[PDB]
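Here's the structure we're looking at; comments come further down.
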Amino acid sequence: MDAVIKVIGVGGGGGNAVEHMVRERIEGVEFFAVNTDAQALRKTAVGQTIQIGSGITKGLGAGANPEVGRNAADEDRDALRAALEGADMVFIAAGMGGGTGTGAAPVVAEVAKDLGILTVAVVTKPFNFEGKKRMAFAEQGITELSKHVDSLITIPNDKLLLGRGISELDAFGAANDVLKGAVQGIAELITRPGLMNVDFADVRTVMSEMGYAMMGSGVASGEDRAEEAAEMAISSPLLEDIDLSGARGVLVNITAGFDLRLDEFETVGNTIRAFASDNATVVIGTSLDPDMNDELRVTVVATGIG
Ligand SMILES: Nc1nc2c(ncn2[C@@H]2O[C@H](COP(=O)(O)OP(=O)(O)OP(=O)(O)O)[C@@H](O)[C@H]2O)c(=O)[nH]1
């Protein structure tokens, strides 16, 4: 009777983000890597892999065009459907701007949508330094992805992060952490509830067919940890341009250890409701992380923003 939650990394960037999720852990989800790149699929620690297309490139540099990723996913739509069938929720992670993520992520999303599965995408846009062509590919793919998902969180790499000692691996680590934070913050309300369990219908109510979304998070310890974590999440760099009262939905995850108090649940809810609209749907849940002592995290997902 447990929830079935699948997290799909599409292409190299998305596969890299999901590999980070595997290393850092998200409780109770199943991880998949979808890629045209057969070598990436051999190397990945992600437990389930799905090859799309033949895995043989028919032209030098051809794999950078989103049409190749789209055509590859379309050729293997049966394998995508068979992997997704039976899920209660699917997350799609991609770095937009390449050929595979950009082109194949909207195909994966539509397969999930057509199966009736609540589908949330968490994707990045390329750094400005990657050039206008990749940015144009990324934005065109986000237009297409937005037609096939219930909620879309778009993280511009330019907003997150460059200087000495910061490698390319380090630069994408920041994006990986945000993508993980969004997937973890939503999924773990279902897979590892604390004293106030959210009901999945409430997750569906604030995420199904909602459109654009954005996440912020905060963490605090001490006597006032609950209000402080919530205030930090609302003031997070990703929510700075977003008024929470313009969000048709708000989903909130309070994560902490065994001591999470009902009065802390009430405090967080009071804080979030102070910022949210009365003409919206608000959902506050908790997750239990037995390894957390003192610390309390609040993750806020504003949905239906525009
Ligand atoms: N999080 C993360 N993002 C990456 C990584 N590498 C590249 N990106 C970003 O994701 C975008 C797409 O890059 P890739 O994923 O490698 O391209 P892809 O979708 O596999 O498609 P192709 O390589 O063209 O076949 C890039 O333009 C970068 O902005 C990575 O290792 N981790």
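By convention here, the chains of the structure tokens are called A, B, ... in the order presented, each chain's residues are numbered starting at 1, and ligands are numbered starting at 1 in the order presented.
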Write as an MDAnalysis selection string the residues around ligand 1, taking 9 Å as the cut-off and counting only C-alpha atoms and all ligand atoms.
chainID A and resid 10:18 20 35:37 61:66 68:69 93:105 123:127 130 134:135 138 156:157 168:169 171:177 179
The selected residues should be written to file as an mmCIF file, in the first residue's frame (atoms: C-alpha atoms).
data_model
loop_
_atom_site.group_PDB
_atom_site.id
_atom_site.type_symbol
_atom_site.label_atom_id
_atom_site.label_comp_id
_atom_site.auth_asym_id
_atom_site.auth_seq_id
_atom_site.Cartn_x
_atom_site.Cartn_y
_atom_site.Cartn_z
ATOM 1 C CA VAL A 10 17.001 12.561 -18.315
ATOM 2 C CA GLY A 11 20.226 13.125 -20.256
ATOM 3 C CA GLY A 12 23.661 13.869 -18.826
ATOM 4 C CA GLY A 13 22.759 16.824 -16.619
ATOM 5 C CA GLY A 14 19.639 15.188 -15.235
ATOM 6 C CA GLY A 15 21.510 11.922 -14.717
ATOM 7 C CA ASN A 16 24.183 13.821 -12.798
ATOM 8 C CA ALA A 17 21.559 15.452 -10.573
ATOM 9 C CA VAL A 18 19.871 12.098 -9.883
ATOM 10 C CA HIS A 20 23.664 13.200 -6.430
ATOM 11 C CA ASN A 35 19.672 8.636 -21.720
ATOM 12 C CA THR A 36 20.744 8.242 -25.334
ATOM 13 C CA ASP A 37 24.331 7.938 -24.078
ATOM 14 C CA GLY A 61 27.678 16.761 -32.883
ATOM 15 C CA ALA A 62 24.209 15.522 -33.869
ATOM 16 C CA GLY A 63 23.413 14.677 -30.235
ATOM 17 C CA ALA A 64 23.248 18.369 -29.263
ATOM 18 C CA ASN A 65 20.036 18.994 -31.187
ATOM 19 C CA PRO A 66 16.891 18.467 -29.055
ATOM 20 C CA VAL A 68 17.610 13.812 -31.566
ATOM 21 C CA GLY A 69 16.629 13.463 -27.917
ATOM 22 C CA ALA A 93 15.105 16.100 -13.545
ATOM 23 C CA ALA A 94 16.966 17.564 -16.530
ATOM 24 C CA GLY A 95 19.549 20.170 -17.401
ATOM 25 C CA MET A 96 17.885 21.958 -20.303
ATOM 26 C CA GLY A 97 19.991 23.142 -23.211
ATOM 27 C CA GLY A 98 21.516 19.904 -24.521
ATOM 28 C CA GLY A 99 20.041 17.445 -26.999
ATOM 29 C CA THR A 100 18.801 14.693 -24.730
ATOM 30 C CA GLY A 101 17.394 16.406 -21.645
ATOM 31 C CA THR A 102 15.813 19.175 -23.701
ATOM 32 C CA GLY A 103 14.206 16.882 -26.252
ATOM 33 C CA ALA A 104 13.455 13.759 -24.232
ATOM 34 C CA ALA A 105 12.238 15.242 -20.929
ATOM 35 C CA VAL A 123 14.992 21.446 -14.440
ATOM 36 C CA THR A 124 17.811 23.901 -14.930
ATOM 37 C CA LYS A 125 18.621 26.511 -17.563
ATOM 38 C CA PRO A 126 22.210 26.826 -18.744
ATOM 39 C CA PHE A 127 24.654 29.439 -17.552
ATOM 40 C CA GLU A 130 27.202 28.433 -22.346
ATOM 41 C CA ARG A 134 21.963 26.417 -25.714
ATOM 42 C CA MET A 135 19.781 29.022 -23.955
ATOM 43 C CA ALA A 138 16.640 25.300 -23.227
ATOM 44 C CA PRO A 156 18.416 29.213 -13.833
ATOM 45 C CA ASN A 157 22.040 28.290 -13.207
ATOM 46 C CA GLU A 168 32.717 22.535 -13.414
ATOM 47 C CA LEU A 169 31.848 19.683 -11.055
ATOM 48 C CA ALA A 171 29.462 24.627 -10.343
ATOM 49 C CA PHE A 172 26.791 22.046 -11.124
ATOM 50 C CA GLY A 173 26.862 20.806 -7.525
ATOM 51 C CA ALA A 174 24.847 23.879 -6.533
ATOM 52 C CA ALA A 175 22.144 23.028 -9.078
ATOM 53 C CA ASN A 176 22.221 19.402 -7.971
ATOM 54 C CA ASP A 177 21.561 20.458 -4.369
ATOM 55 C CA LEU A 179 17.081 19.861 -7.528
#
I'd like to know which residues of region 159-297 of chain A are alpha helix (DSSP H) (by DSSP, run on the backbone); could you write them as an MDAnalysis selection string?
chainID A and resid 159:160 168:191 200:207 225:234 262:275
Which of region 192-246 of chain A DSSP labels strand (DSSP E or B), written as JSON, numbers by chain:
{"A": [193, 211, 212, 213, 214, 215, 216, 217, 218, 219, 220]}
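Here the question is which of A:260, A:89, A:301, A:34 gets nearest to residue 191 (chain A) using only C-alpha atoms, and that residue is A:89.
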So, with only C-alpha atoms as the atoms that count, which of A:251, A:220, A:144, A:305 lies closest to residue 292 (chain A)?
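Residue with the minimum atom-to-atom distance to residue 292 (chain A): A:220.
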Between A:40, A:160, A:92, A:45, which one has atoms that come closest to residue 118 (chain A), using only C-alpha atoms?
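Among the listed residues, the smallest separation from residue 118 (chain A) belongs to A:92.
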So which residues touch residue 209 (chain A) within 12 Å, counting only C-alpha atoms, skipping near sequence neighbours fewer than 4 positions away, as number ranges by chain?
A: 113, 116-120, 146-152, 203-205, 213, 248-249, 303-305
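Checking A:235, A:279, A:267, A:256 one by one against residue 300 (chain A), counting only C-alpha atoms, you find the shortest gap at A:235.
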